[PDB]
Amino acid sequence: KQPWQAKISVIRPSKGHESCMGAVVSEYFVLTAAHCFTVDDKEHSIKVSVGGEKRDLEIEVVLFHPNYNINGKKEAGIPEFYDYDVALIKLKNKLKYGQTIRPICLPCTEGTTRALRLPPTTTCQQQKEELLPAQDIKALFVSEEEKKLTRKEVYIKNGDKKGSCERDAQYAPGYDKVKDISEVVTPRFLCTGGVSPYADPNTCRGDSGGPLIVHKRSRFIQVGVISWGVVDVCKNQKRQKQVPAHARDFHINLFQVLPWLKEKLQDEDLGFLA
Amino acid sequence: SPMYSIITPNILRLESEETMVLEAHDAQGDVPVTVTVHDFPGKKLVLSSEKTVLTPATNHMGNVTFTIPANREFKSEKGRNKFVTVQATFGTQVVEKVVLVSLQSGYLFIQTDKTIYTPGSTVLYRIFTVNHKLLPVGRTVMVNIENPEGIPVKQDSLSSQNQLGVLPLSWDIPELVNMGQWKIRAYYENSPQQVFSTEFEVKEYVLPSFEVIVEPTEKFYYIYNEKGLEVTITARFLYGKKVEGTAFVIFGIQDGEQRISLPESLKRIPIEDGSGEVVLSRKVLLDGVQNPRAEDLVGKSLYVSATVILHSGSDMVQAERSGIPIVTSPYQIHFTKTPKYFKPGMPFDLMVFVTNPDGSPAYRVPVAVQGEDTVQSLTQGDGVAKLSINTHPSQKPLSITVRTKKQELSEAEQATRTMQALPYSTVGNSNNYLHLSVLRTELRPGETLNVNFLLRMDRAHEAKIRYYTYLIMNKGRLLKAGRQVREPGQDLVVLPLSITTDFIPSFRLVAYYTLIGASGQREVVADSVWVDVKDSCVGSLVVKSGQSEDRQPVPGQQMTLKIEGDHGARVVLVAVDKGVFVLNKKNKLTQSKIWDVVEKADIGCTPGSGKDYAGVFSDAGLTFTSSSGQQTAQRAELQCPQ
Amino acid sequence: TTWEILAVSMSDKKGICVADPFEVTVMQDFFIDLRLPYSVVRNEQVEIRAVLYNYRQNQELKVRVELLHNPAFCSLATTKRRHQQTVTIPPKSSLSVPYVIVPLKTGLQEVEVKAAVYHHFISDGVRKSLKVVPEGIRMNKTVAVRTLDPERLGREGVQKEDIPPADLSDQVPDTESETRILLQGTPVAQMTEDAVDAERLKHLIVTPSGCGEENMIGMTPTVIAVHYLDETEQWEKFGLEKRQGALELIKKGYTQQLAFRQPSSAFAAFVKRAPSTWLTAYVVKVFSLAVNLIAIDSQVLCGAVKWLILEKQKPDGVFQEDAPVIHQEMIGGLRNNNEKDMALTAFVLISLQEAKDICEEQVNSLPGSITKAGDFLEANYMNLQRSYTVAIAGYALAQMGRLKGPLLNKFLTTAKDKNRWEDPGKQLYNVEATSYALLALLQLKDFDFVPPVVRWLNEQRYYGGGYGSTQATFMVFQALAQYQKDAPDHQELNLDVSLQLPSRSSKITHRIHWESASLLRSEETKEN
Amino acid sequence: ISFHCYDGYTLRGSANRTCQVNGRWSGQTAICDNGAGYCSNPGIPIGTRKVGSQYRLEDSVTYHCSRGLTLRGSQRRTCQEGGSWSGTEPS
Ligand SMILES: *[C@@H]1O[C@H](CO)[C@@H](O[C@@H]2O[C@H](CO)[C@@H](O[C@@H]3O[C@H](CO)[C@@H](O)[C@H](O)[C@@H]3O)[C@H](O)[C@H]2NC(C)=O)[C@H](O)[C@H]1NC(C)=O
Ligand SMILES: *[C@@H]1O[C@H](CO)[C@@H](O[C@@H]2O[C@H](CO)[C@@H](O[C@@H]3O[C@H](CO)[C@@H](O)[C@H](O)[C@@H]3O)[C@H](O)[C@H]2NC(C)=O)[C@H](O)[C@H]1NC(C)=O
Ligand SMILES: *[C@@H]1O[C@H](CO)[C@@H](O[C@@H]2O[C@H](CO)[C@@H](O[C@@H]3O[C@H](CO)[C@@H](O)[C@H](O)[C@@H]3O)[C@H](O)[C@H]2NC(C)=O)[C@H](O)[C@H]1NC(C)=O
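Residues numbered from 1 in each chain as written, not as in the entry; some residues may be left out. Chains lettered and ligands numbered in written order. Part of a larger assembly, values for the part shown. Heavy atoms only, no water.

Caption draft 1: Geometry of the overall build of chain A. A tally of helices and strands in chain A yields four helices and 12 strands. Taking 19 Å as the expected radius of gyration for a compact globule of 274 residues, we find that chain A reaches 18 Å, a close match to that expectation. The dimensions of chain A, computed from C-alpha atoms along their principal axes, are 50 × 45 × 35 Å. Counting only residues that meet the buried cut, chain A has 49% of its 274 residues in that class. Long-range contacts, defined here as pairs at least 24 residues apart, represent 68% of the contacts in chain A between residues at least 6 apart. Entry remark: accessible area of chain A is about 14000 Å², with carbon and sulfur atoms responsible for 47%. Averaged over its 41 positive side-chain charges, chain A has a centre that lies 5 Å from the centre of its 35 negative ones. (Helix = DSSP H or I, 4+ residues; strand = E, 2+ residues; numbered from the N terminus. Rg over C-alpha atoms; globule rule 2.2 N^0.38 Å. Buried < 20%, exposed > 50% of the residue type's maximum accessible area, 1.4 Å probe, protein only. Contact = heavy atoms within 4.5 Å. Areas by Shrake-Rupley, 256 points an atom, 1.4 Å probe, with all protein chains shown as cover. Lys, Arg positive; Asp, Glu negative; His and termini not counted. Charge placed at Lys NZ, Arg CZ, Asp CG, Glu CD.)

If you want it as structure tokens, here you go:
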């Protein structure tokens, strides 16, 4: 049901195992978050598994976005800074497409234009009006429930509820004394979760780096990468059945990182728009 | 001995700039002042801190501005009232006072496009977010929409940041929905106790093609008028043309909310050329209550309902005019703008307010005090007449009864009202007073106002008086403060005051002087006055036809609309059919309704003076504290007494 | 008609200004006015009136007016025949044209009427719409009203409620039915008691004076009164402004108490007197609660603790009294010598835990001594007899989290009538014992045993002050001040209400909190 | 002809449309939507008439062309689960 889902494992010297996730975007690249890895983590200590396979695939290089800096706000008293929290993982071996391993489509490409049944003259600004309009957008992400993958349907607060969603970042750990709330929430972000209009399931720490998918006309398009959350409702025992109302989760908008994605995937036959 | 003083408003507001005045009497050389603001209780954090120096060249003055920070210390809702520890240090002397703080961040006004809606339509509504100075600001606002039962249906949490203080919103009406009076409530996130609301009706209807105005010949009804009550029925189309047809008009009496109809008064008149006349006779009215005495109908009101039907039979309109009170006198007298405290030996200025029985002011009505008849003041366009009487230097309460001397009317049909004024308690019975009288006319922006200072005291200590100190209160904030000099021998000095657009709608003016006479004690005598300005816009906004009149335009034709307003202003528009106001003329957004909300949120209660010197400040909405021990009373209620 | 244009401007410098209404009159000379009702019933023959107006000055019109055919209506206008008549309208008059129709299908249908005049190029047409509501009377039926409360009505934390379908055997043929489901949370308002009135506490502002122990009998009702009035917010009904006069009396007793401090960092009644274990420990209890009002030095408070840990603490954790105080009325329930090793150790251990967050960096043996003193109270807690010694040793064990098992059951059952832990003897010790056990009930966060305990302390109306009232004024207004801060206004509302329908595939889940309560969450379903 | 919505509404589709030589308007259909329904606003194609202002779940809309014109597409569309109208857009 979820062929694109990658399971990433990073072994660190006595720090523990970092259980992150990613998305198969091509035959060589796996898109995920950037805070799962640091500069000290070497390529022999990072193992990625896809398709439910027992073996681990070996990687070549982890390509971070050039604007990522997690400790870039320690002068202002902010310990974390998840702006531009995306990274690509170039694998060593080519992936063979079958029934359990298939890619996920990306914004502003040739195949995305035909998947929405649009004319080929559709610009990239016209596609951003289609997938992310100024309303509450129905979406879904992939989570791991008792060694089994399941889907959690959420709503993207992009309309008038975008203001009520973003101002709830003051309750995050370390962000309790942040002056301007827009300093930590750049326009590169999307907001899901909360109580209005529905009770959305929240993302865990193990679901980090996964895709934020939009199901339209029996096809699945990724529009975001899971970044960080205000409240940790998952404790690896169950899901905490009494969540608060300001438990929101933030993602990285893929329409804002397009010149970096077009450069790193220029030799992949994806067909990005001009 | 040098004296240090501090003046601050009664209630300080969150996230707003308040003004602070520092003085130093009988001092030479510069006095450095360090002012530090703390929260109550215990002084946990510094909320504000400012510094200034009082130079003798400025006569030891210096206005200081601060701002209550938007910190989460005022987060508790069980506290009801909030307080701060205000502290000022004059070099080596520390002066402090506890001041009440309200949680209010400003005002919220809700505009709807129509006053009545059908099921299936969509309601458009804007929210204008301003602070206490009527300037736009960005806050977080919670919005509710309530049913006729009072249960909220849809809740939102918007921010007016980066939107120029205008929040466009919408709500769809389902096809199956409850009719009745719906409600839209909104409040600031930091002040949830202050809710602002506007209603609208939901009904199944169609639009009419003509309006019916039911207006009687007088705005009341006199009991002994043998002619009865004459009511004019006006019926014209929406486009201005006149209506031919037939009407059905019936009168009725109303006592409280229990209505008693009068079926004896049914008439059927034809409506010719959009006009018609109908009279209720007095014998029909006295036969409906079964009352042999005619004096028991005083207090009750009358209501008229009309139903005009066209000659084609295609449409009809019901209209109603209610609240026509039955009175013995066509005028009423209210001392609601007149001070309740006087000074013995000095002239007392009465602010007489004369109304029609429906609430409108009366034009050109003589007003003379019963038992005196010296001054016969005439009413202006605002319904205010200016009287003055000479008083004896006695501490007896002054009973003033004021009547009207209108001609073409007998003395039994004249109005009267008696009020009681209490004497001003002096400091130590020294008989040192101060009166403030102002030329009462309609004040417009751009004019100049002559404010008079009258001093009554003994001659042994008038040479010590060299200056007065005036302060301007407007919309709960301090606007301007200065000095007014006086030489020994001058019993009267005049301050010319320029009137800007910032005094709208009204303003209060306080003043005080300070000196030491006989024993070495600092004496403070004060006085206040409330002056109304013409309630108009701060800027201006006119909408007229950009096309040079032409003729009445055709359906489908383009026209040019001229929008005339201030620079850098976001103008929002709405165009409404005038057939909507036939069904519901309630809940229209006007400029006069906006100034009614601002005037009913002022921190001053009594329109003039007080029982003592400290009672003048608390009734006008100010706090005083000095280094010599003289303070004002505490204030723990956000609203006025009673 | 006439349009009334209202405008509002918004300048950042000038502010708000709503314009006067500007009226634009729109009119034609020859037009049709189609006057239609709000709704007509399907298959009911009604008559509609198309009024033709002629506002010309002195020109009569010859007009052919025709109704257009619609398949949703049944009139005389068909597909192969026009329903047109020609009439004559005099000047400055109107003529009504009657038309009969029968609507045939529900929904919003359309009617169009056109007309044109003879020998001139003037014409007009009106196309308006009207609702065709189906036959019958609108009705509603209540299927169920069920009160939702898991754990009470439910089991294991979940509650399942099954809803049957409706009746609808009397439904109109070929009509739409809509089912509305509503969720509504109920607000709760629990706990909270009336605080002791500040008009009853005027007599507690006492100027302290005397020796090393007579200073503390005067310092006690002044320090504890400011602590109680700052939390309950009763400075308005006390009179205000007298806070600064009471803040100077607290600084007066702090200065006189340091004059009897020994060079061993301990306190006695005189400088030539031997140092005392109780007076040094009661100074720590008063000074740690006085850090919120004035200034407190770190070298005297922790030095009193360091003298209590290194000099006057056995490795058992038992604090032994060397020289007792001269004033035996100020010690309260410690005057009765029954279990001196369990009551004096519990008295100092509260002073070490109320100064635990102050002296954690200076005295490194304080996390050790708290562990050493807490282990002695846990062993002999099952052997205590007096109701005061259980209350004083229950609050010393609750601040760490070690009042569980057979020790927690002995703490709750000692209360006679479940409201007071009175001893058989001494009224002052029973008044003090209820406030020690109330402070242990608020540290455990067990809010069920609390409201009968607070209600007994307020109905007794002990306002403090007097001889021997040093412990009795200090503890009753410490527990009643701790009550007003830990009191909730409501119990939890967090309802994970999911709705599974067999018509859909997804579960419709709402979470109702306290702030979003009293807000209906309607979910409409046209399938029964 | 050009399209422009009221305040608080988002315009999707072609804002500027042009009548071509084949008697059809260029671009996509302009839709003013507020984002309050489970399904989006199906909009009004030029020449049609939409009956149904509610855009909730399980709702339906019916379309009718003008006089002498033939409907192509679905006369009735129904909002399905997932936020997608049944049938096809008429013309
Ligand atoms: C507090 O005091 C300061 C300094 O006295 C005030 O600043 C002054 O504000 C006025 C108003 O903008 C400035 O212009 C003046 O306007 C009047 C208008 O009638 C005119 O007659 C004067 O000749 C003058 O041009 C003035 O330049 C400015 N600065 C100084 C040094 O006076 C401030 O307004 C006061 N604030 C409050 C709240 O009282
Ligand atoms: C659907 O069910 C309701 C039952 O609640 C039916 O009765 C309606 O009930 C409401 C609530 O009590 C009434 O509203 C109220 O009317 C009174 C006047 O009696 C007014 O003073 C209140 O302010 C409030 O508006 C409503 O009138 C009433 N409807 C009636 C009497 O026709 C309702 O009739 C049912 N609807 C249908 C279509 O069957
Ligand atoms: C759709 O087409 C319209 C034209 O049909 C485009 O409107 C153009 O918008 C620009 C604004 O960037 C206009 O410039 C301004 O014009 C006003 C005229 O009053 C002038 O005062 C300003 O100084 C400024 O120059 C431009 O005139 C206008 N084009 C025309 C022909 O009037 C619109 O941008 C198009 N939108 C899309 C999404 O394609």
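Once the structure has been displayed, the description carries forward.
Caption draft 2: Here's a closer look at the state of the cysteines. Taken as a whole, this structure holds nine disulfides over all chains when the rule is applied. Bridging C108(A) to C124(A), the disulfide has an S-S length of 2.0 Å. One disulfide, between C108(A) and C124(A), carries an S-S torsion of 95° and so falls in the right-handed class. Taken together, the positions of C108(A) in the loop between β6 (87–91) and α1 (110–115) and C124(A) in helix α2 (residues 124–131) put the pair 16 residues apart, joining distant regions of the chain. There is a disulfide in this structure between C302(C) and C359(C), and the S-S distance comes to 2.0 Å. Given an S-S torsion of about -85°, the disulfide between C302(C) and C359(C) has left-handed geometry. With a gap of 57 residues between them, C302(C) in helix α5 (residues 298–310) and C359(C) in the loop between α6 (340–353) and α7 (366–379) connect regions that are remote in the sequence. Take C359(C): its relative accessible area is 0%, and that puts it in the buried class. (Disulfide = S-S within 2.5 Å.)

Caption draft 3: Representation of the interface of chain A and chain C within the structure. With 10 residues of chain A at the interface, the matching set in chain C holds nine residues. For the pair chain A and chain C, the two sides together bury roughly 860 Å², of which 44% comes from carbon and sulfur. Contact with chain C buries surface across chain A, with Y198(A), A199(A) and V243(A) losing the most and accounting together for 49% of the total. Where chain A packs against chain C, one counts zero salt bridges. Counting across the chain A and chain C interface gives five residue pairs in polar contact. (Buried area = accessible area lost by both parts, 1.4 Å probe. Salt bridge = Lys/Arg side-chain N within 4 Å of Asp/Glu carboxyl O. Polar contact = N/O pair within 3.5 Å; in protein donor to acceptor, adjacent residues only side chain to side chain.)

Caption draft 4: The site of ligand 1, seen in detail. Residue and element names in this part refer to chain B. Taken together, the neighbourhood of ligand 1 is formed by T19, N63 and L479. Between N63 and ligand 1, the recorded distance is 2.4 Å, taken from a side-chain N or O atom to an oxygen atom. At a separation of 3.2 Å, an oxygen atom of ligand 1 approaches a polar backbone atom of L479. Within the complex, 18% of the 740 Å² of free accessible area of ligand 1 lies under protein. (Near = heavy atom within 4 Å.)

Caption draft 5: Representation of the nonpolar core. Among the nonpolar cores identified, the biggest contains 180 residues, and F507(B), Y513(B), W278(C), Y381(C), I392(C) and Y436(C) are the most heavily contacted of them. Residue contacts for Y513(B): discarding those within four places in its chain leaves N432(B), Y433(B), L434(B), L455(B), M457(B), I465(B), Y467(B), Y468(B), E523(B), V524(B) and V525(B). Ranked by size, the runner-up nonpolar core spans 51 residues in total, among them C20(A), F37(A), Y82(A) and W260(A). (Core = buried A, V, L, I, M, F, W, Y, C linked by side-chain atoms within 4.5 Å.)

Caption draft 6: Quick peek at the side chain of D59(D). You can see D59(D) is positioned in the loop between β3 (49–51) and β4 (60–64). Side-chain polar atoms of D59(D) contact the backbone nitrogen of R56(D), separated by 3.0 Å.

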